[PDB]
Structure formats: C-alpha cells, structure tokens
6 protein chains.
Amino acid sequence: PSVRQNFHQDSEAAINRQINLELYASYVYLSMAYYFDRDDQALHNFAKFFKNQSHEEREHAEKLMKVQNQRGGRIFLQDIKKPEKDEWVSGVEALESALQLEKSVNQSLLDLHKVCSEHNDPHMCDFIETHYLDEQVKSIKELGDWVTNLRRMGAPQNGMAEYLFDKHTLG
Amino acid sequence: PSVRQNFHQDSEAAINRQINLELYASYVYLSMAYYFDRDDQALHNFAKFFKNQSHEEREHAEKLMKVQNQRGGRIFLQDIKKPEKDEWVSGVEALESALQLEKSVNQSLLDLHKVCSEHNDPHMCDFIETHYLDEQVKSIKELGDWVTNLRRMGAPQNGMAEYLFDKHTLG
Amino acid sequence: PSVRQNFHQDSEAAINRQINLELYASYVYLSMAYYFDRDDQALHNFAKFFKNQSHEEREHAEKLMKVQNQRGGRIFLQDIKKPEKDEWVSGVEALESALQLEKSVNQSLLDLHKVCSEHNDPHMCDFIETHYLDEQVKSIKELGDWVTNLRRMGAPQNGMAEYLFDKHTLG
Amino acid sequence: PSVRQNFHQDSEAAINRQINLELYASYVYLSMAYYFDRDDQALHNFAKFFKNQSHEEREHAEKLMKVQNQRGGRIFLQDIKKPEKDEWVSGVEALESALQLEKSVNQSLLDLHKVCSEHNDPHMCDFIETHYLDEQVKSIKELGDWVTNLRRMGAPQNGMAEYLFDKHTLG
Amino acid sequence: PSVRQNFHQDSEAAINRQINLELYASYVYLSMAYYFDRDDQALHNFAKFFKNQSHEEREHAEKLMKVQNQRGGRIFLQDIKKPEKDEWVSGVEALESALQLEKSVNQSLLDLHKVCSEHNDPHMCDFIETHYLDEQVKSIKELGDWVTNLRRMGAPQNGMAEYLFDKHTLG
Amino acid sequence: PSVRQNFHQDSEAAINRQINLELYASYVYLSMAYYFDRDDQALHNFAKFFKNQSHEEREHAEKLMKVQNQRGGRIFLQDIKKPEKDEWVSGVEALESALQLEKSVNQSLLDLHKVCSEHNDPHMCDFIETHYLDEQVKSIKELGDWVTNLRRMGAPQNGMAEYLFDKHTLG
Ligand SMILES: [Fe+3]
Ligand SMILES: [Fe+3]
Ligand SMILES: [Fe+3]
Ligand SMILES: [Fe+3]
Ligand SMILES: [Fe+3]
Ligand SMILES: [Fe+3]
C-alpha cells in the first residue's frame, strides 16, 4: 500500500488478533446481557450494563479496524468464538467473569504495545495508550469496585443483594 | 419457565439458528464496511452504508434474543463464522454478495415462519411478519435497485461508475 | 536558559530541522494551490484544499517553534527552499507529489521521535505523538484514498475525472 | 488486589513519593500566597496567583492518589514538610524560588517516568505524559518569562517594578 | 506591624497552632477519602463526603491565615503530620474517627477562644464564634447522627448497612 | 494564456519579485514573533503583534499570486531567504528593524508601480494603489509612532519601558 510506512507485519498481525479479541469480548457481554434478561434472572440493570459494554467493545474493535486501514495493514477477520458459558450463574459471578475478561483483554493490549514498541512504532504505541490502556484500567477498577460491594453484601446467597445493587449502583 | 406457553422446542431451536444467522450477517457487513475503507478502495459512502447495515443486523439479532426470553426459550449462542471472503472485489460485487446474503437470511426467516406456523404459534408468526419479513423485502428490493444502476453504468470496469454512485445514491 | 531541563542539544537541533521542513511543506502546498488557480488549470477546489494545507503546515511549524522556546531551546531559521517543480502537471499528480511530501515529513518526525526517545525526553516524545504522528497518518491515508479514486477514474487522461472529483470530494 | 495488573512495587512506591512532593509543593505555594498577603508586602495578585497554584498542586496530588487506587496500589501518606522559608523576601525572589520548586517536581516526575518505563508500564508512562509533563513545562516557562520581566525592570530594588507587574501581568 | 493593635503574642501563637491543626484535619480527611476509593472498599459517596470535608478544613485553615495577617500577626507554618492510620477499617469506624477529630479541633478552638478572651480581644472572640464554633457543633452533631444510624443498622458486620447508607444518606 | 491582455513580461517579472519579498517579510516577522516568545525576552504582546504581521505579509503575497494568475502571468517562486538576524536584541530595536523592512518593501512596491506605469498597465497600477500603497504608508507611520514612544521612554536601557509599552500600546 502506498500509505504504509514504518508499519511492521508483526504489529499488523497483532492488531488483527486484538480485533478478534475485542469482538469476542463484545460477544461475551451480549451473552451476559440477555442472561440477566431471562425471566428466572430479571436483573434488568445488570442486563443494560452488559448490553452497553457489548456495544462499547464493538466500537473498540472497529477503531482497531480503522487504524489497521489507516496504516496500510490488511484486515483478516476470524470466527468470533462463542463464550465459555451459556449461563453466568449470578450477578456477582458474571461481574467476576467480566473482570477476568477485561484483564485478559488488557494483557493482550499490553502485549500489543510491546510489539509496536519493539518495532519503534510510536504512532501505534500512543494510539494504544490514548484509546485503550486507560479505558481498560478504568473498566477493571469499576468491576473490582462492584465485586467488592456485592460480596460484602453477601451476594449471591443474600437474595436482596443483587436486587438492591441493580437498583442503586446500576441505575 | 413459568412464562413458557404454547412455545415449541422446534420454534425455540429455530430462533437460536436465526439469532446466529443475523449475527453472521452483521459480521459480513462489518467486513464489507472496512473493505471499502481500505486506501486502495476508498468508497467511504459504500463503507458507511455497510457499517450501518452491520449495526442493523445486530439489532435484528438482539430482538430475536429478546423474544426468545419473552417466550421462555433459552438462548444458546454459537460461533459467529468469519465471512466467505476477505476482499469483496468491487462496490457492485459487494452489493451483489449482500443481495445473496439478504435472500439467504430471508429464506431462513420464511423457514422459521413455517416452523412456528406448523406448531400454531401465532404470536411468533406475527412477530416475524411485523419485524422481519417486510424489512427483508425492502432490503432486497433496494439492493436489487442499486445493482441494476451500477451494472447499467458499467461497474466495475467503468471507473467513474462506483465513484459517482457513492456520491449520489449513497450520500 | 533557566527553564532548560532534560533537553538535549540533539533534540534541539532536530526540532530546528523539523521547523524548516514544515515551512518547506507549507511552501510546496502554496505552490500547488496557485498552480490550480491558473486559468489553464482552474480546479479551484484542488486549489482551496492545497491552500488550506499550506496554512496548516505553517501552524505545524509554529507549534514546534513554540515548544523549542518552552523547553529553552533556541530557534535557528534557515532558507525555505523553493519547491522542486513550478508546475504540478495534473490534479492526481499533484496529490501523488503531496503524498510523497507527507511521507517524507512523517519519516522526519519519526526520526525526531527516535532522537528524543534516545535521550529519554518523554515530554518531547509525547508532544510529537500527540500533535504530529496521528495527524500525519490521517493526512497520508486521505491522500492515498484520493489518489486511488482519481486513478481508478482514469485521471489525468479522462478529462472528466478531476473536474468531477473537484466538485464531489473536494467540495 | 484483584485489579492489580502489570503494576510494579517500584512504580507504586514512586507514586507515593510523587504524591508527597505534590502536596509539599501545594504547601510551599500556600506559604507564598499568605506571605504577600502580609500588610508589609501587600501584592495581592502575587498572593492570588500563589494561592491558585497551591490548589492546583493539591489537584496534582489527588490525581496521583486516584491512579494509585485505579492500578491497585496502596496509598501511604507521609508528613507534609513545612517550606524551607517563612519569608520569601520579594515578588521576584518568590517566583525564582517557585521556579526551582517546579524544576525539582519536574525532575521527580521524569524519574517517575523512567521507573515506569523500565518496568514496561505504558499506562503509567502515558498518564504521566498526558497529565503532568506538559503542565510542568508550561509552568516552568511561565515562571521563567515572569522572572525575566521582573529582573529587567529592576525588581526588587525598583519599588515600582513588582507593584506594576502585580497590576499588569498578574491581573 | 503598623496594623497591629490589641493583639497579644499568646493569641498570635494560638492562631498558628490552630492553622496547623486545621491543615492536619484536612489531611486526615484526604486520607479517609481515598481509603474508600480503594477497590476493596469502594464506598464512593463516603469518599466524596470525606474529600469535601478535606477541602473545607483547608478553607478553615486559610481563614485563620487571613485573620493572622489582618491583625498583624505573623504566620509560622509547621509540618502537616501524617494521620494516625493508613487504613480506616470501615465506613462507620472512619466516621467515629472523624467525630473524635472534630471534637479535638473543637476543644482547640475553645482553648483558642479562652486565650483571646483572657487578653480581652473581642474581635478574635467573635471571629471564632462567627466562623468556627457553630460550624464545629453542626459537624459534630451530623457525625453523631450518622454513627447512630450506621451502628443501629449493624455496621460494619452487616454488609448491607454501609452500602445502603452510602446510597441514601451520602447521596 | 488566452486571458493575457496588456500584460508585459516586465510587469510579470516584477510581480514575481514582489511575491518573494512579501514572503520574505512574512518570514522576518515570524522570526521576530518567536524571538520575543523566548523565556529571556517574554514580551508576548510584541510577539503577538509580530505574529499577526507575519500572517498579513503572507496574505500580501497571496494576493499578488492571485493577480499574477488573473492577468495570465506565471508564478515562479524562489527560496525564502532566512532573516538577517537570529536575535533582534530588544523590542525597540526589532521595531526599528521592522521599519526598515517596511520601507524596503514600500520602495519595491513603488518600483513595481513605475514598471506597470511605464507599460501603461492601469489595472496593475490601481491594484497596487488600492491594495498595497496606503497599507504600507499606514504600517510605516505606525512603526514610526511606536519607535518614537519607546525611545522617548528610554528603551531599551529603561527596563520598564518595553514592559509597559507591551501592556499599554500592544494590548
Ligand atoms: Fe475492549
Ligand atoms: Fe437481518
Ligand atoms: Fe506538517
Ligand atoms: Fe504539581
Ligand atoms: Fe475545621
Ligand atoms: Fe507586505
């Protein structure tokens, strides 16, 4: 591509991996959203939070697709794997699962940053710094905050805990 | 589920298939969108059309996920398969590929309607009629309209055809 | 200077080189702008694009002049060399020339980043990342997009191509 | 902490040092503010500038306290040492003292950046770049500008110099 | 100072002690604020209350610095001692600690009033009465109210107590 | 060119010389602007005046480029020579240097008018009269006014002179 400059095939390949992972995260969140939409779960603010997380992960993916094209890389999409579970058990356990997902995505972003840093690609390094790393830190901190509150309230055994958390923190 | 009533396992299973197909269509459209975002394609109104189609297919999927829960069915997600191509060749050829996709989705919707009709599920039949069948017919007609105009202008060999179509019809 | 801190003479010297290069780019763009203002060219939206690029390159230069003073460096201006051509031949060929200019400026910015990175000057590295690197990537991608469209339309031999591109993309 | 990821104890410890230093700077500025509030000094725009600097340094500290918690570090506060002087002698001499303070804070920030850079913590590196390094450069440049103007006017011996500077530059 | 009138060195010295104590209180509150900002505490309305208390104590200090200068006294700042704890254990226990702090500050204010009263300084006596004594009484009463409610709800053992108190009373 | 009429090659050549001179003046003013932006000069209203003069000289150049094309002449750009100095010593001395520059530009404009007048080109004569000659006279008078005020105040030896002039006349 006549636009390609200082853009290594390792960086290009790692961006394609990150694209698939962000789409994967979007899919996990979509699953969690409609799990709490079930009539036997019915925590609709949990559902709404997870649904919005799904749309945001989808935007995360598209911005990587955009920068791949901007730099002259070539997008190669892969299957979006179905999530590990069909049922997420409880509100606090879904959030704990989400925390592990965000930490895995974060580690993959840090690995992506290392690849671009090794190939002296400061455009990509700051693109990741600007658009992903602090977003990830904030998302992880928030999930940690929420898991702490839920567990301290006795969730999931305390049947009032996730109901009230859904009303107060998630509204 | 205590909400489940007049809802057959065949209908439930066919809804889960339709959910995956709508997500698949969303993924095909996402691929087409960023294909025309490439610096060696650069038909950004084609890209914008396909990007919006992707978001709409995603909404189509979520509404089926919603009605599955409303009726007491249980959502089972599957892998979202990557599209058949990585490159869609040209604007007119992508639209012709999109036309075949919409017709496949339409046939799967008609097959879904037949299943629900066989099990005398009028709620599901009218849900499909109201929210999907006319949308599908309109989408197919529109793609047919556009392919006709592009081919009559000589696309893709006429290099001016997709450029002007992108400016006039897709703006 | 009592403000100077962690600011190496290599970085200072490379900033002065970048200042002259940005001014040079401004001058090339000014030349291209009034070339298409000629009565025997008369692509006034090409002219207007290039004129605005010239003013923007001038701002790029002034921001480097500002950061040189902020860090306690000392500005040393050099001749602004006249462009390589007096005539840019055609709209598509001027844009292809502009693409090569932006890539040269981009490489000089990346070289500047490497100098500041070697001397562990994170203020300058992020100043370049924040204000120049993504701007450069976007400018290169845009020029690539436009050259692709023009050449696919047959420019410059197709006399309708640059006229219509001037009306649709450059208006 | 379940949020902690890629966060080294050296970085954590250096953040705690920076927190105390920013609070220290806030305290120095508070001292300078009410020094010029004295009836035998009575340069109230100097006082107002220094008072606002004190509040800003306090915000600088709190943002480091925030990022320490975001990353799962643990805040350890230390005594805020009283400033080196009780009396700052004159407007120009206080600003010269402030310049040395900002340069010391700047060097501690650069040392903090080096620690995080050594441990490949790009989140912290860009957090420092985004929120502190350019702020520091601008603050140092401004103090340098002002000291130059005051000394050229003959401050503090010229009794009119700090009075007029207080009215024109500090209003 | 030519402004000094009816202003005893004992009063001056006691004002300097009160200044340091108000700054100390500000520092204790800052510590409490970011303690509940921890991911393993995450009572953000507790954090926000304590953060605002910290800013208010800082204003309390500055108003004493102002009246010291107004009367011709001379400000002598001392170290701001770090708080007694790094961790405040729980919401109710932090508020109980805050109650003891406010009572200590209140007793120091009453001792300050006695000094000024002994030296027949009615300006200072009414300055303390107007700006500090009723503020202190209201702050103590409020903390007492809140501790009563928390303990009656079973805090900290009842994991729901501080969560709901944070939502209802502290929002 | 089919638009060329009553337009002599001497006039055309002299316009190209004037274009380069106006760009040269723009460059001198840019140098002066960031000279007073130095931390050891820091007369920011001098800097702002000179910066605006630079942009205006650039407009002067572009209007000559425009009229060259309007008349069917052909623009030939030359190197923009760096200014004679890197440092302009003081505010009053920079303005005295600017005065000599404006007088040189004025003489070149008068010489240009004589060329066009000799070739009986009344369009060009009135274009110069309308757009340049009175602007030049006003700019020279203003610089003369300012140098008179600065020198009468004792600039540059009187350190208060340029500071106050920067605040009163240049704000
Ligand atoms: Fe993400
Ligand atoms: Fe669909
Ligand atoms: Fe540039
Ligand atoms: Fe600071
Ligand atoms: Fe207080
Ligand atoms: Fe001029």
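In each ligand, atom 1 is the first atom listed, and ligand 1 is the first ligand listed. In what follows, chains carry the letters A, B, and so on, assigned in the order in which the sequence lines appear, proteins first and then strands, with residues in each chain numbered from 1. Side-chain atoms are counted along with the backbone in the values below, which use heavy atoms only and exclude waters and symmetry mates.
Aromatic pair E:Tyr35/E:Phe46: centroids not less than 6.0 angstrom apart.
Protein N/O/S atoms closer than 2.8 Å to the Fe ion (ligand 5), listed by chain and residue number, are E:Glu22 OE1, E:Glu57 OE1, E:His60 ND1.
A search for side-chain contact (heavy atoms from CB on, under 4.5 Å) contacts involving E:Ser117 returns E:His113, E:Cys125, not counting sequence neighbours. For D:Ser108, the side chain to side chain donor-acceptor pair (under 3.5 Å) criterion is met by D:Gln18, not counting sequence neighbours. For B:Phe49, the ring-ring contact (aromatic ring centres under 6.0 Å, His included) test picks out B:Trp146, with sequence neighbours left out.
The CD1 atom of B:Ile75 sits 7.0 Å away from the CG atom of A:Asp37 when rounded to the nearest 0.5 Å.
Using a 30° and 60° split on the angle between ring planes, D:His60 and D:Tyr132 fall in the perpendicular class, above 60°.
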